[PDB]
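> When you number the sequence shown by PDB author numbering, it's gap-free, plus one each residue, and the end is 142.
Cβ coordinates follow ideal geometry from the N, Cα and C atoms, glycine included.
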Amino acid sequence: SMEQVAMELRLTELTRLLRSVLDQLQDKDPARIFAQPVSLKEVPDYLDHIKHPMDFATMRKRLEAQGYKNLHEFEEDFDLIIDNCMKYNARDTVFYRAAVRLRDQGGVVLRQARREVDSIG
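#1: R132 to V42, Cα distance in whole Å?
#2: Rounded to whole angstroms, how far is the Cβ of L123 from the Cβ of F55, which I believe are closer than 8 Å?
#3: With 16 other CB atoms within 10 Å as the buried threshold, where does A52 fall?
#4: Taking just the CA atoms, how far does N105 sit from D76?
#5: Would you give the residue range spanned by the alpha helix (DSSP H) that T114 belongs to?
#6: Alpha carbons only, please: which of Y109, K49, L92 and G128 is nearest the one belonging to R37?
#7: Quick one: does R122 have its CB under 7 Å from some CB of chain B?
#8: Take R40 and list the residues in its own chain whose beta-carbon comes closer than 7 Å to its own, dropping the five residues that flank it on each side.
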């Protein structure tokens, strides 16, 4: 149907805007701490601690599969990255400190992105 195609044109434009958003957020991680999943070879106990791991590479694979139906879903994943890190790692570590910075720097980007999604439907 023509309705189905129209919905698909909106998903596609959402996906375009979320790719820009993602790139902007990943820039706030110049060290690339959050770029890839945590290695279970290097942190074998990780899943005893963290039930839903997330990372930018995993968000990207979902994104290009148009796996994000709205901005909420995408924010949930971005918050997992941050929230997982701040649980596993202690306050005085480079990892926790990098999460805090990403969260603060990300919130600006996500503040305007929520306006563009509402604005452009």
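So, from the listed chains and residues:
#1: Sequence index remark: in the sequence shown, residue 132 carries index 111 (1-based). Sequence index remark: in the sequence shown, residue 42 carries index 21 (1-based). If I take the Cα positions, the gap works out to 11 Å.
#2: Looking up residue 123 in the sequence shown gives position 102. Looking up residue 55 in the sequence shown gives position 34. About 7 Å separates the two Cβ atoms, so the contact holds.
#3: Taking the sequence shown and counting its residues from 1, one reaches residue 52 at position 31. With fewer than 16 Cβ atoms within 10 Å of its Cβ, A52 is classed as exposed.
#4: Looking up residue 76 in the sequence shown gives position 55. Looking up residue 105 in the sequence shown gives position 84. Distance between the alpha carbons of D76 and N105: 10 Å.
#5: Translated into the one-based positions of the sequence shown, residue 114 becomes position 93. Careful: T114 lies outside any alpha helix (DSSP H) and carries neither H nor E.
#6: As a first step, residue 37 must be located in the sequence shown, where it is residue number 16. Taking only the C-alpha atoms, the option nearest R37 is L92.
#7: No chain B is present in this structure, which holds just one protein chain.
#8: Position 19 of the sequence shown holds residue 40. Here the set comprises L84.
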